[PDB]
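Student: The structure follows.
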Amino acid sequence: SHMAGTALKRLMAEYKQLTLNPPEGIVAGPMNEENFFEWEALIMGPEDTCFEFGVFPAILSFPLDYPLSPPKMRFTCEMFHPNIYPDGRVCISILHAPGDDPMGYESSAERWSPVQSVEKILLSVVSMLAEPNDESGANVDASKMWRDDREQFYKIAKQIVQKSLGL
């Protein structure tokens, strides 16, 4: 399949771009060499946020039609963020293709596009981590607790990082 071969070329270009301009606190790549379409990502919580010191492993699955469609990303560890579904699915706009679920005119350079990258995706996840956005309530409770009882949110965030460190 030519589509898949072209997708592969693309993934290698991404992997190369990542490995040469490594991003702060992120380390991603194909889990196993036999399959370049399935990636693993270790995202460390942002330095001065409630997630600092946390180490959050995630899985990025790339479609055989990449870069025409976005990859799927989900955290392997436990999390409590307004933008992360209760089973780990990361819900940010950039991971949504034109014609999906939520929207918002303002989401132009926010929807998936062949002009994006795993760099911009990860870069965005980290940002999402530091400053949430219950405008994308993938997790009801967390969205509520963030805009209402932030007090306890920070408390739980700390437990979340501790759990991620096997404590």
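Following the order of the structure tokens, chains are lettered A, B, ..., residues in each are numbered from 1, and ligands are numbered from 1.
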Once DSSP has gone over the backbone, tell me which residues of range 11-164 of chain A are in strand (DSSP E), as a list in words.
Tutor: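 Answer for range 11-164 of chain A, restricted to strand (DSSP E): residues 26, 27, 28, 29, 30, 38, 39, 40, 41, 42, 43, 44, 55, 56, 57, 58, 59, 60, 61, 72, 73, 74 and 75 of chain A.
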Student: Could you pull the residues within 7 Å of range 77-92 of chain A, counting only C-alpha atoms, minus those fewer than 6 positions along the same chain, as a ChimeraX atom specification?
Tutor: /A:56-57,132-134,136-140,142-143,157,160,164
Student: Write a file of the just-selected residues containing N, CA, C and O atoms, as a compact mmCIF listing (two decimals), in the first residue's frame.
Tutor:
```txt
# COMPACT_ATOMS: atom_id res chain seq x y z
N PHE A 56 4.25 11.20 33.30
CA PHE A 56 3.08 10.60 32.69
C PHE A 56 3.29 9.92 31.35
O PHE A 56 3.44 10.57 30.31
N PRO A 57 3.29 8.58 31.35
CA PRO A 57 3.49 7.81 30.13
C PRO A 57 2.22 7.85 29.29
O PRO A 57 1.11 7.81 29.82
N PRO A 132 -5.07 24.23 32.33
CA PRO A 132 -6.22 23.47 31.83
C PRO A 132 -7.12 24.31 30.94
O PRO A 132 -6.78 25.43 30.57
N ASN A 133 -8.29 23.76 30.62
CA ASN A 133 -9.26 24.45 29.77
C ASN A 133 -10.57 23.66 29.78
O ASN A 133 -10.87 22.94 28.82
N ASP A 134 -11.35 23.80 30.85
CA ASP A 134 -12.62 23.08 30.96
C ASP A 134 -13.63 23.43 29.86
O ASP A 134 -14.82 23.14 29.98
N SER A 136 -13.32 22.13 27.20
CA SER A 136 -13.32 20.82 26.54
C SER A 136 -13.49 19.76 27.63
O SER A 136 -12.66 18.86 27.77
N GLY A 137 -14.58 19.87 28.38
CA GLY A 137 -14.86 18.94 29.46
C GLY A 137 -14.91 17.46 29.11
O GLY A 137 -15.99 16.88 29.01
N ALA A 138 -13.75 16.84 28.94
CA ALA A 138 -13.68 15.42 28.63
C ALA A 138 -13.88 14.67 29.94
O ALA A 138 -14.23 13.48 29.96
N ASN A 139 -13.66 15.38 31.04
CA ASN A 139 -13.82 14.84 32.39
C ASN A 139 -14.66 15.86 33.16
O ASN A 139 -14.16 16.91 33.57
N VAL A 140 -15.94 15.54 33.34
CA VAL A 140 -16.88 16.43 34.04
C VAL A 140 -16.35 16.96 35.36
O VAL A 140 -16.12 18.16 35.53
N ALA A 142 -13.46 16.91 36.93
CA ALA A 142 -12.25 17.73 36.85
C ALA A 142 -12.52 19.12 36.30
O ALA A 142 -11.90 20.09 36.73
N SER A 143 -13.45 19.22 35.36
CA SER A 143 -13.79 20.52 34.79
C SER A 143 -14.52 21.34 35.85
O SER A 143 -14.26 22.53 36.02
N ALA A 157 -4.16 16.68 42.20
CA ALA A 157 -3.10 16.72 41.20
C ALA A 157 -1.87 16.12 41.83
O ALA A 157 -1.20 15.29 41.22
N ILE A 160 -2.02 12.56 42.02
CA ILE A 160 -1.83 12.05 40.67
C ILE A 160 -0.34 11.94 40.32
O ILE A 160 0.10 10.95 39.73
N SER A 164 1.95 8.49 39.81
CA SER A 164 2.76 8.33 38.61
C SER A 164 4.20 7.97 38.95
O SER A 164 4.91 7.41 38.13
```
Student: Would you mind reading off the distance between CA of residue 96 in chain A and CA of residue 112 in chain A, one decimal, in Å?
Tutor: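 One can read the CA of residue 96 in chain A to CA of residue 112 in chain A distance as 5.4 Å.
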Student: Give me the residues near range 19-33 of chain A as a PyMOL selection string, where near means some atom within 9 Å (using only C-alpha atoms) and where sequence neighbours in that chain fewer than 5 positions away do not count.
Tutor: chain A and resi 14+38-46+59-60+118-119+122-123+126
Student: Could you turn the residues from that selection into a file that holds N, CA and C atoms, as a CSV table (one decimal), in the first residue's frame?
Tutor:
```csv
chain,number,residue,atom,x,y,z
A,14,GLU,N,9.1,13.0,11.2
A,14,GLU,CA,8.7,13.5,12.5
A,14,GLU,C,9.7,13.0,13.5
A,38,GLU,N,3.2,2.8,16.1
A,38,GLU,CA,2.8,2.9,17.5
A,38,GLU,C,3.9,3.5,18.4
A,39,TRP,N,3.6,4.7,18.9
A,39,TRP,CA,4.6,5.4,19.8
A,39,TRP,C,4.2,5.4,21.3
A,40,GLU,N,5.3,5.8,22.0
A,40,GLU,CA,5.2,5.8,23.5
A,40,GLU,C,5.7,7.2,23.8
A,41,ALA,N,5.2,7.9,24.8
A,41,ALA,CA,5.6,9.2,25.2
A,41,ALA,C,5.6,9.5,26.7
A,42,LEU,N,6.8,9.9,27.2
A,42,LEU,CA,7.0,10.2,28.6
A,42,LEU,C,6.9,11.7,28.7
A,43,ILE,N,5.8,12.2,29.3
A,43,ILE,CA,5.6,13.7,29.4
A,43,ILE,C,5.7,14.0,30.9
A,44,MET,N,6.8,14.8,31.2
A,44,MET,CA,7.0,15.2,32.6
A,44,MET,C,6.2,16.5,32.9
A,45,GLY,N,5.6,16.6,34.0
A,45,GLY,CA,4.8,17.7,34.4
A,45,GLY,C,5.5,19.0,34.4
A,46,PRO,N,5.0,20.1,33.8
A,46,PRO,CA,5.6,21.4,33.8
A,46,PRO,C,6.1,21.9,35.1
A,59,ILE,N,0.4,6.8,25.2
A,59,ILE,CA,0.5,6.1,23.9
A,59,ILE,C,-0.1,6.9,22.8
A,60,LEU,N,0.7,7.0,21.7
A,60,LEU,CA,0.2,7.7,20.5
A,60,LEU,C,0.1,6.7,19.3
A,118,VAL,N,3.9,15.7,15.6
A,118,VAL,CA,3.9,15.2,16.9
A,118,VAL,C,4.5,16.2,17.9
A,119,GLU,N,5.4,17.0,17.3
A,119,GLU,CA,6.1,18.0,18.1
A,119,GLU,C,5.0,19.0,18.6
A,122,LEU,N,2.5,17.2,21.2
A,122,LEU,CA,3.2,17.1,22.5
A,122,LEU,C,3.3,18.5,23.2
A,123,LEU,N,3.8,19.4,22.4
A,123,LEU,CA,4.1,20.8,22.9
A,123,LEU,C,2.8,21.3,23.5
A,126,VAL,N,1.6,19.4,26.9
A,126,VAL,CA,2.3,20.0,28.0
A,126,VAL,C,1.7,21.3,28.4
```
Student: Would you kindly return, as a list in words, each protein, DNA or RNA residue with an atom no farther than 9 Å from any atom of residue 116 in chain A, considering only C-alpha atoms and excluding same-chain residues fewer than 6 positions away?
Tutor: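 Within the cut-off, the hits are residues 67, 70 and 94 of chain A.
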Student: CA of residue 135 in chain A and CA of residue 71 in chain A, how far apart in Å?
Tutor: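 A separation of 21.5 Å between them.
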Student: Write out as a Markdown table a residue-level contact list of range 22-62 of chain A versus range 6-12 of chain A with cut-off 9 Å: for each qualifying residue the closest pair of atoms and the distance in Å to one decimal, counting only C-alpha atoms, rows sorted by chain and residue number upward.
Tutor:
```
| residue | atom | partner | partner_atom | distance |
| --- | --- | --- | --- | --- |
| A:36 | CA | A:8 | CA | 7.2 |
| A:37 | CA | A:8 | CA | 7.5 |
| A:62 | CA | A:11 | CA | 8.6 |
```
Student: How many Å lie between CA of residue 153 in chain A and CA of residue 53 in chain A, rounded to one decimal?
Tutor: 16.5 Å
Student: With distances taken over only C-alpha atoms, which of A:52, A:111, A:101, A:125 is nearest to residue 75 in chain A?
Tutor: A:125
Student: As a PDB file with N, CA and C atoms, in the first residue's frame, please: the residues near residue 99 in chain A (cut-off 12 Å, only C-alpha atoms, same-chain neighbours under 5 positions excluded).
Tutor:
```pdb
ATOM      1  N   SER A  69      -4.893  12.230   8.779  1.00  0.00           N
ATOM      2  CA  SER A  69      -5.713  12.116   9.983  1.00  0.00           C
ATOM      3  C   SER A  69      -4.814  12.211  11.215  1.00  0.00           C
ATOM      4  N   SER A  93      -8.004  20.161  20.905  1.00  0.00           N
ATOM      5  CA  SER A  93      -8.519  20.417  19.566  1.00  0.00           C
ATOM      6  C   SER A  93      -7.653  19.879  18.431  1.00  0.00           C
ATOM      7  N   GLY A 104     -15.756  25.430  17.871  1.00  0.00           N
ATOM      8  CA  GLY A 104     -15.583  26.770  18.382  1.00  0.00           C
ATOM      9  C   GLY A 104     -14.812  27.514  17.320  1.00  0.00           C
ATOM     10  N   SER A 107     -11.233  27.768  16.935  1.00  0.00           N
ATOM     11  CA  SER A 107     -10.395  26.586  16.729  1.00  0.00           C
ATOM     12  C   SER A 107      -9.918  26.345  15.293  1.00  0.00           C
ATOM     13  N   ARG A 111      -7.659  22.720  14.792  1.00  0.00           N
ATOM     14  CA  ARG A 111      -8.120  21.414  14.323  1.00  0.00           C
ATOM     15  C   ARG A 111      -6.976  20.688  13.609  1.00  0.00           C
ATOM     16  N   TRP A 112      -7.075  19.371  13.471  1.00  0.00           N
ATOM     17  CA  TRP A 112      -6.003  18.641  12.823  1.00  0.00           C
ATOM     18  C   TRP A 112      -5.775  19.086  11.391  1.00  0.00           C
ATOM     19  N   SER A 113      -4.519  19.035  10.976  1.00  0.00           N
ATOM     20  CA  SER A 113      -4.139  19.440   9.639  1.00  0.00           C
ATOM     21  C   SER A 113      -2.817  18.786   9.286  1.00  0.00           C
TER      22      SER A 113
END
```
Student: Hey, what does DSSP flag as helix (DSSP H, G or I) within chain A? Can you give it to me as a PDB file with N, CA and C atoms, in the first residue's frame?
Tutor:
```pdb
ATOM      1  N   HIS A   2       0.638   2.092  -1.002  1.00  0.00           N
ATOM      2  CA  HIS A   2       1.368   3.331  -1.161  1.00  0.00           C
ATOM      3  C   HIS A   2       1.012   4.319  -0.069  1.00  0.00           C
ATOM      4  N   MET A   3      -0.260   4.368   0.302  1.00  0.00           N
ATOM      5  CA  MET A   3      -0.670   5.283   1.354  1.00  0.00           C
ATOM      6  C   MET A   3       0.144   5.036   2.633  1.00  0.00           C
ATOM      7  N   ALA A   4       0.192   3.779   3.073  1.00  0.00           N
ATOM      8  CA  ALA A   4       0.926   3.399   4.276  1.00  0.00           C
ATOM      9  C   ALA A   4       2.431   3.664   4.172  1.00  0.00           C
ATOM     10  N   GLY A   5       2.981   3.468   2.983  1.00  0.00           N
ATOM     11  CA  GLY A   5       4.396   3.696   2.806  1.00  0.00           C
ATOM     12  C   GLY A   5       4.701   5.165   2.947  1.00  0.00           C
ATOM     13  N   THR A   6       3.792   5.997   2.445  1.00  0.00           N
ATOM     14  CA  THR A   6       3.953   7.444   2.505  1.00  0.00           C
ATOM     15  C   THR A   6       3.769   7.926   3.937  1.00  0.00           C
ATOM     16  N   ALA A   7       2.885   7.253   4.669  1.00  0.00           N
ATOM     17  CA  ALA A   7       2.624   7.579   6.069  1.00  0.00           C
ATOM     18  C   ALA A   7       3.910   7.317   6.865  1.00  0.00           C
ATOM     19  N   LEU A   8       4.564   6.204   6.535  1.00  0.00           N
ATOM     20  CA  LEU A   8       5.796   5.802   7.187  1.00  0.00           C
ATOM     21  C   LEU A   8       6.892   6.830   6.973  1.00  0.00           C
ATOM     22  N   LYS A   9       7.064   7.254   5.726  1.00  0.00           N
ATOM     23  CA  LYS A   9       8.064   8.260   5.403  1.00  0.00           C
ATOM     24  C   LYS A   9       7.842   9.445   6.332  1.00  0.00           C
ATOM     25  N   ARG A  10       6.591   9.894   6.382  1.00  0.00           N
ATOM     26  CA  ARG A  10       6.198  11.031   7.194  1.00  0.00           C
ATOM     27  C   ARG A  10       6.557  10.837   8.651  1.00  0.00           C
ATOM     28  N   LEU A  11       6.226   9.672   9.204  1.00  0.00           N
ATOM     29  CA  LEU A  11       6.532   9.400  10.603  1.00  0.00           C
ATOM     30  C   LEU A  11       8.031   9.495  10.879  1.00  0.00           C
ATOM     31  N   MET A  12       8.844   9.052   9.925  1.00  0.00           N
ATOM     32  CA  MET A  12      10.283   9.095  10.105  1.00  0.00           C
ATOM     33  C   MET A  12      10.767  10.528  10.093  1.00  0.00           C
ATOM     34  N   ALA A  13      10.113  11.360   9.301  1.00  0.00           N
ATOM     35  CA  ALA A  13      10.498  12.754   9.238  1.00  0.00           C
ATOM     36  C   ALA A  13      10.188  13.398  10.589  1.00  0.00           C
ATOM     37  N   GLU A  14       9.073  12.990  11.188  1.00  0.00           N
ATOM     38  CA  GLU A  14       8.660  13.510  12.486  1.00  0.00           C
ATOM     39  C   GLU A  14       9.652  13.026  13.545  1.00  0.00           C
ATOM     40  N   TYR A  15       9.879  11.712  13.582  1.00  0.00           N
ATOM     41  CA  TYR A  15      10.801  11.114  14.540  1.00  0.00           C
ATOM     42  C   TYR A  15      12.184  11.749  14.470  1.00  0.00           C
ATOM     43  N   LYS A  16      12.603  12.095  13.260  1.00  0.00           N
ATOM     44  CA  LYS A  16      13.901  12.714  13.048  1.00  0.00           C
ATOM     45  C   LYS A  16      13.863  14.112  13.646  1.00  0.00           C
ATOM     46  N   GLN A  17      12.848  14.877  13.267  1.00  0.00           N
ATOM     47  CA  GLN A  17      12.674  16.241  13.747  1.00  0.00           C
ATOM     48  C   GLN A  17      12.612  16.294  15.270  1.00  0.00           C
ATOM     49  N   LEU A  18      12.043  15.263  15.886  1.00  0.00           N
ATOM     50  CA  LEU A  18      11.950  15.224  17.336  1.00  0.00           C
ATOM     51  C   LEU A  18      13.303  14.924  17.953  1.00  0.00           C
ATOM     52  N   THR A  19      13.962  13.886  17.454  1.00  0.00           N
ATOM     53  CA  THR A  19      15.250  13.455  17.977  1.00  0.00           C
ATOM     54  C   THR A  19      16.401  14.455  17.827  1.00  0.00           C
ATOM     55  N   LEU A  20      16.276  15.387  16.890  1.00  0.00           N
ATOM     56  CA  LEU A  20      17.314  16.389  16.668  1.00  0.00           C
ATOM     57  C   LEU A  20      17.050  17.707  17.406  1.00  0.00           C
ATOM     58  N   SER A  93      -8.004  20.161  20.905  1.00  0.00           N
ATOM     59  CA  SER A  93      -8.519  20.417  19.566  1.00  0.00           C
ATOM     60  C   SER A  93      -7.653  19.879  18.431  1.00  0.00           C
ATOM     61  N   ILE A  94      -6.350  20.116  18.522  1.00  0.00           N
ATOM     62  CA  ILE A  94      -5.413  19.690  17.495  1.00  0.00           C
ATOM     63  C   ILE A  94      -5.527  18.195  17.167  1.00  0.00           C
ATOM     64  N   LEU A  95      -6.082  17.406  18.080  1.00  0.00           N
ATOM     65  CA  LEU A  95      -6.233  15.978  17.824  1.00  0.00           C
ATOM     66  C   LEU A  95      -7.605  15.644  17.243  1.00  0.00           C
ATOM     67  N   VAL A 118       3.901  15.747  15.609  1.00  0.00           N
ATOM     68  CA  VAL A 118       3.875  15.164  16.943  1.00  0.00           C
ATOM     69  C   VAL A 118       4.534  16.161  17.872  1.00  0.00           C
ATOM     70  N   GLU A 119       5.396  17.001  17.306  1.00  0.00           N
ATOM     71  CA  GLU A 119       6.062  18.018  18.103  1.00  0.00           C
ATOM     72  C   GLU A 119       5.008  18.995  18.610  1.00  0.00           C
ATOM     73  N   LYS A 120       4.215  19.536  17.694  1.00  0.00           N
ATOM     74  CA  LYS A 120       3.178  20.476  18.080  1.00  0.00           C
ATOM     75  C   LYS A 120       2.121  19.826  18.973  1.00  0.00           C
ATOM     76  N   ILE A 121       1.879  18.534  18.784  1.00  0.00           N
ATOM     77  CA  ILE A 121       0.886  17.843  19.600  1.00  0.00           C
ATOM     78  C   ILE A 121       1.366  17.789  21.042  1.00  0.00           C
ATOM     79  N   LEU A 122       2.546  17.205  21.230  1.00  0.00           N
ATOM     80  CA  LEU A 122       3.158  17.076  22.545  1.00  0.00           C
ATOM     81  C   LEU A 122       3.313  18.453  23.189  1.00  0.00           C
ATOM     82  N   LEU A 123       3.841  19.389  22.414  1.00  0.00           N
ATOM     83  CA  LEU A 123       4.052  20.757  22.863  1.00  0.00           C
ATOM     84  C   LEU A 123       2.754  21.281  23.460  1.00  0.00           C
ATOM     85  N   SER A 124       1.650  20.920  22.815  1.00  0.00           N
ATOM     86  CA  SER A 124       0.328  21.356  23.236  1.00  0.00           C
ATOM     87  C   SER A 124      -0.183  20.615  24.465  1.00  0.00           C
ATOM     88  N   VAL A 125       0.123  19.325  24.557  1.00  0.00           N
ATOM     89  CA  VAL A 125      -0.312  18.547  25.709  1.00  0.00           C
ATOM     90  C   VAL A 125       0.304  19.144  26.969  1.00  0.00           C
ATOM     91  N   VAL A 126       1.612  19.390  26.916  1.00  0.00           N
ATOM     92  CA  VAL A 126       2.330  19.974  28.043  1.00  0.00           C
ATOM     93  C   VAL A 126       1.668  21.278  28.446  1.00  0.00           C
ATOM     94  N   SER A 127       1.356  22.107  27.457  1.00  0.00           N
ATOM     95  CA  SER A 127       0.697  23.381  27.715  1.00  0.00           C
ATOM     96  C   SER A 127      -0.661  23.144  28.383  1.00  0.00           C
ATOM     97  N   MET A 128      -1.411  22.187  27.851  1.00  0.00           N
ATOM     98  CA  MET A 128      -2.722  21.832  28.381  1.00  0.00           C
ATOM     99  C   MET A 128      -2.580  21.412  29.834  1.00  0.00           C
ATOM    100  N   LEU A 129      -1.459  20.772  30.129  1.00  0.00           N
ATOM    101  CA  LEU A 129      -1.181  20.290  31.467  1.00  0.00           C
ATOM    102  C   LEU A 129      -1.062  21.450  32.450  1.00  0.00           C
ATOM    103  N   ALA A 130      -0.174  22.390  32.140  1.00  0.00           N
ATOM    104  CA  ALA A 130       0.048  23.564  32.976  1.00  0.00           C
ATOM    105  C   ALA A 130      -1.244  24.356  33.159  1.00  0.00           C
ATOM    106  N   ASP A 134     -11.353  23.803  30.850  1.00  0.00           N
ATOM    107  CA  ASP A 134     -12.623  23.085  30.965  1.00  0.00           C
ATOM    108  C   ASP A 134     -13.627  23.429  29.862  1.00  0.00           C
ATOM    109  N   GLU A 135     -13.136  24.046  28.789  1.00  0.00           N
ATOM    110  CA  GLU A 135     -13.980  24.403  27.655  1.00  0.00           C
ATOM    111  C   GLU A 135     -14.126  23.123  26.837  1.00  0.00           C
ATOM    112  N   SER A 136     -13.319  22.129  27.196  1.00  0.00           N
ATOM    113  CA  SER A 136     -13.319  20.823  26.545  1.00  0.00           C
ATOM    114  C   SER A 136     -13.490  19.757  27.626  1.00  0.00           C
ATOM    115  N   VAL A 140     -15.944  15.542  33.343  1.00  0.00           N
ATOM    116  CA  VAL A 140     -16.884  16.425  34.037  1.00  0.00           C
ATOM    117  C   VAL A 140     -16.355  16.957  35.362  1.00  0.00           C
ATOM    118  N   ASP A 141     -16.186  16.036  36.301  1.00  0.00           N
ATOM    119  CA  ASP A 141     -15.699  16.319  37.641  1.00  0.00           C
ATOM    120  C   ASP A 141     -14.517  17.283  37.644  1.00  0.00           C
ATOM    121  N   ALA A 142     -13.461  16.914  36.926  1.00  0.00           N
ATOM    122  CA  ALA A 142     -12.252  17.726  36.848  1.00  0.00           C
ATOM    123  C   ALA A 142     -12.524  19.121  36.304  1.00  0.00           C
ATOM    124  N   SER A 143     -13.448  19.224  35.357  1.00  0.00           N
ATOM    125  CA  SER A 143     -13.787  20.524  34.789  1.00  0.00           C
ATOM    126  C   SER A 143     -14.517  21.338  35.853  1.00  0.00           C
ATOM    127  N   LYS A 144     -15.423  20.676  36.568  1.00  0.00           N
ATOM    128  CA  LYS A 144     -16.176  21.320  37.640  1.00  0.00           C
ATOM    129  C   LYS A 144     -15.226  21.757  38.746  1.00  0.00           C
ATOM    130  N   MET A 145     -14.504  20.781  39.291  1.00  0.00           N
ATOM    131  CA  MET A 145     -13.569  21.019  40.375  1.00  0.00           C
ATOM    132  C   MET A 145     -12.486  22.042  40.056  1.00  0.00           C
ATOM    133  N   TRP A 146     -12.190  22.247  38.779  1.00  0.00           N
ATOM    134  CA  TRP A 146     -11.151  23.206  38.416  1.00  0.00           C
ATOM    135  C   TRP A 146     -11.631  24.647  38.431  1.00  0.00           C
ATOM    136  N   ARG A 147     -12.849  24.851  37.945  1.00  0.00           N
ATOM    137  CA  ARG A 147     -13.445  26.174  37.877  1.00  0.00           C
ATOM    138  C   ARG A 147     -14.255  26.496  39.134  1.00  0.00           C
ATOM    139  N   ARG A 150     -10.963  24.741  42.950  1.00  0.00           N
ATOM    140  CA  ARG A 150      -9.577  24.550  42.536  1.00  0.00           C
ATOM    141  C   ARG A 150      -8.762  24.085  43.733  1.00  0.00           C
ATOM    142  N   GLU A 151      -9.208  24.510  44.908  1.00  0.00           N
ATOM    143  CA  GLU A 151      -8.580  24.170  46.177  1.00  0.00           C
ATOM    144  C   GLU A 151      -8.221  22.684  46.211  1.00  0.00           C
ATOM    145  N   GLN A 152      -9.239  21.842  46.084  1.00  0.00           N
ATOM    146  CA  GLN A 152      -9.050  20.406  46.121  1.00  0.00           C
ATOM    147  C   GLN A 152      -8.392  19.865  44.855  1.00  0.00           C
ATOM    148  N   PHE A 153      -8.577  20.549  43.725  1.00  0.00           N
ATOM    149  CA  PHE A 153      -7.976  20.085  42.479  1.00  0.00           C
ATOM    150  C   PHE A 153      -6.480  19.899  42.681  1.00  0.00           C
ATOM    151  N   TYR A 154      -5.816  20.963  43.114  1.00  0.00           N
ATOM    152  CA  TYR A 154      -4.383  20.925  43.357  1.00  0.00           C
ATOM    153  C   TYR A 154      -4.014  19.767  44.283  1.00  0.00           C
ATOM    154  N   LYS A 155      -4.882  19.496  45.249  1.00  0.00           N
ATOM    155  CA  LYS A 155      -4.659  18.420  46.203  1.00  0.00           C
ATOM    156  C   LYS A 155      -4.577  17.090  45.468  1.00  0.00           C
ATOM    157  N   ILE A 156      -5.568  16.844  44.613  1.00  0.00           N
ATOM    158  CA  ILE A 156      -5.653  15.621  43.811  1.00  0.00           C
ATOM    159  C   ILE A 156      -4.551  15.534  42.747  1.00  0.00           C
ATOM    160  N   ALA A 157      -4.158  16.683  42.203  1.00  0.00           N
ATOM    161  CA  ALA A 157      -3.105  16.725  41.198  1.00  0.00           C
ATOM    162  C   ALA A 157      -1.867  16.124  41.827  1.00  0.00           C
ATOM    163  N   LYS A 158      -1.582  16.546  43.055  1.00  0.00           N
ATOM    164  CA  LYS A 158      -0.420  16.060  43.787  1.00  0.00           C
ATOM    165  C   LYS A 158      -0.476  14.547  43.982  1.00  0.00           C
ATOM    166  N   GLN A 159      -1.669  14.022  44.232  1.00  0.00           N
ATOM    167  CA  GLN A 159      -1.823  12.590  44.413  1.00  0.00           C
ATOM    168  C   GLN A 159      -1.566  11.908  43.083  1.00  0.00           C
ATOM    169  N   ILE A 160      -2.016  12.564  42.016  1.00  0.00           N
ATOM    170  CA  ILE A 160      -1.832  12.050  40.671  1.00  0.00           C
ATOM    171  C   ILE A 160      -0.340  11.939  40.320  1.00  0.00           C
ATOM    172  N   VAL A 161       0.445  12.945  40.695  1.00  0.00           N
ATOM    173  CA  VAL A 161       1.858  12.882  40.384  1.00  0.00           C
ATOM    174  C   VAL A 161       2.496  11.802  41.245  1.00  0.00           C
ATOM    175  N   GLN A 162       2.115  11.742  42.510  1.00  0.00           N
ATOM    176  CA  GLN A 162       2.688  10.735  43.381  1.00  0.00           C
ATOM    177  C   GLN A 162       2.428   9.337  42.853  1.00  0.00           C
ATOM    178  N   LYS A 163       1.207   9.103  42.387  1.00  0.00           N
ATOM    179  CA  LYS A 163       0.862   7.794  41.859  1.00  0.00           C
ATOM    180  C   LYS A 163       1.723   7.477  40.642  1.00  0.00           C
ATOM    181  N   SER A 164       1.951   8.490  39.807  1.00  0.00           N
ATOM    182  CA  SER A 164       2.757   8.329  38.606  1.00  0.00           C
ATOM    183  C   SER A 164       4.197   7.967  38.954  1.00  0.00           C
TER     184      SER A 164
END
```
